[PDB]
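Inspection log for the structure reproduced underneath, given as structure tokens.
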């Protein structure tokens, strides 16, 4: 759950948005932003 807000701040910046997708993978919701991985 917390990684979701982590993604929120990071992708609000965007640098670690890839790390945010990796967190969503760690979060068991890798689909969350799986598209936002944007290849």
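Residue numbers (UniProt numbering): 1065 to 1103.
No residue lacks a Cβ here, since even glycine has one placed at the ideal position from N, Cα and C.
Annotation: residue 1098 is outside any alpha helix (DSSP H) and is labelled neither H nor E by DSSP.
Residue 1088 and residue 1082 have their C-alpha atoms spaced approximately 10 Å apart.
In the structure shown, the three-state DSSP call for residue 1076 is helix. An exposed status is given to residue 1079, since fewer than 16 other beta-carbon atoms sit within 10 Å of its beta-carbon. Close CB contacts of residue 1071 within its chain, under the 8 Å cut and outside five residues either way in sequence, are with 1081, 1084, 1085, 1087, 1088, 1096, 1097 (chain order).
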